[PDB]
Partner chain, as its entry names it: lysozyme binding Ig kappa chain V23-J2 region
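Quick setup: one chain, the form solved without the partner chain, written in structure tokens, and binding and motion questions come after.
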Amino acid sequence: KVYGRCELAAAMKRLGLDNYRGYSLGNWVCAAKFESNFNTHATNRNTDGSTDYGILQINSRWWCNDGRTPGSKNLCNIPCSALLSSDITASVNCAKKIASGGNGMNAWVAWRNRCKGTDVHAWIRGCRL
């Protein structure tokens, strides 16, 4: 599914991401735009053999198990295929676990390069939430 910007914002708001660990809703919408262009089916392989899955490009080395990654820690206790669903529940529940690490949302490389520090509140402007 390719989400629209305000459609995704509303889905994320109903799952408790607004102001989760200090981060306003626009941070998560910005992270999903630069990680996957709002595409639930996005995947990218990493050099080490893990793959990043779904709308938030969560990797299989630490977070989900895809079968193909030797020594996946699977900290979110989910198969990586669950992150490819049009339903984003599993992706946001896992995202909350990774944003609980010491560097918070800096675990999303696209967020730290293209979103961090900017007026991220713009990403939810005009959405009826």
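So that the term is clear: the rigid core is the largest set of C-alpha atoms that superpose within 1.5 Å between two forms. Positions refer to the first chain, counted from 1.
**Asked** Relative to the presented form, and with the rigid core used for superposition, do the C-alpha atoms of 28-36 or of 69-77 deviate more in 9 other deposited structures of this protein?
**Response** Looking at 28-36 versus 69-77 in 9 other deposited structures of this protein, the farther one turns out to be 69-77.
**Message:** Mean Cα B factor from the PDB record: higher for 16-24, or higher for 105-113?
**Reply:** Per the PDB record, 16-24.
**Request:** For the higher mean C-alpha B factor in the entry, choose 44-52 or 75-83.
**Result:** Mean B over CA atoms: larger for 44-52.
**Prompt:** Which one, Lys97, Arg68, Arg61, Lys33, has the peak C-alpha temperature factor per the PDB entry?
**Reply:** In this record, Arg68 carries the highest C-alpha B-factor of the candidates.
**Request:** Quick one: classify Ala9 as lowest, middle or highest third of the chain based on its Cα B-factor.
**Result:** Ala9: CA B-factor falls in the lowest third of its chain.
Keep in mind the form solved in complex with the partner chain is missing from the figure; the text below concerns it.
**Asked** Using a 4.5 Å heavy atom cut-off, are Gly16, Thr89 and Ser100 all in contact with the partner chain in the entry with it bound?
**Response** Yes, the whole candidate spot contacts the partner chain.
**Prompt:** How about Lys96: is it within 4.5 Å of the partner chain in the entry with it bound, going by heavy atoms?
**Reply:** Answer yes; at least one heavy atom of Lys96 falls within 4.5 Å of the partner chain in the entry with it bound.
**Message:** So, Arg21 and the partner chain: in the entry with it bound, are they within 4.5 Å at any heavy atom pair?
**Reply:** The answer is yes: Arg21 has a heavy atom within 4.5 Å of the partner chain.
**Heavy atom contacts to the partner chain in the entry with it bound at 4.5 Å, residues of 28-44 in sequence order** = Going through 28-44 in order - heavy atoms within 4.5 Å of the partner chain in the entry with it bound - there are no hits.
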